[PDB]
């Protein structure tokens, strides 16, 4: 049986607010709203969290029963849709250990892993993969290109107990190697963390309108691939046809 540590598909309406916490660290964080956007694969299935305010910081997080990846695989996966045609704005997640105050979470709150696309003008169009190791946040030595169009894309990070990793975009490998070689941190336990307890969205955006959906944290690579195909894989073609429709009808 795959261990599902966390899963969020926003399938139950306004009830998501019972599972996600707004940080109060700042008084003027932008608001996340539940939305399937202007075009979608399915009105209900493609409901996710959308940034609703221009030129704001965002800080929202969801807790889950704490776990450790010691001795097993860790997979983190979600969809990002920059439906607005984004100029500058984050689309990554952070994983936090136990002890985070969700009501006070912010950009400098200490995290274990940060992963996902970041866009900031043409000069920043990169997928971050950051490991906190011995008091330092270490950025991956590799250039992974992020998606910049208006459509929904799947982002997957896989971390293995043999100190290997893989990054997938749209369920397809884009980068692969070992933690020893692709970060400037030999330690057999680089991969492992004593606890994960919270998934956070800590973002700055200029033009807002990005939608996040289909969050998954699991110990099973095969299950993540399947879940990805059943979520993003299903959204992909349907949403393209409805975008094609809207252009032709205009």
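Numbering follows the first chain given and starts at 1.
The modelled chain breaks after residue 185 and resumes at residue 186, leaving 4 to 9 residues of the deposited sequence without coordinates. The question of which stretch, 47-55 or 220-228, has the higher mean Cα B factor is settled in favour of 220-228.
Taking the PDB entry as given, 176-184 carries the higher mean Cα B factor of the two stretches 176-184 and 111-119. Annotation for residue 83: C-alpha temperature factor in the lowest third relative to the rest of the modelled chain, per the entry.
For residue 35, the recorded CA B-factor ranks within the middle third of the chain. Only modelled residues enter the ranking. When the CA B factors of the chain's modelled residues are split into thirds, the value for residue 194 lands in the middle one. Among the modelled residues of its chain, residue 133 has a C-alpha B-factor that falls in the highest third according to the deposited record. When all modelled residues of the chain are sorted by CA temperature factor, residue 145 is found within the middle third.
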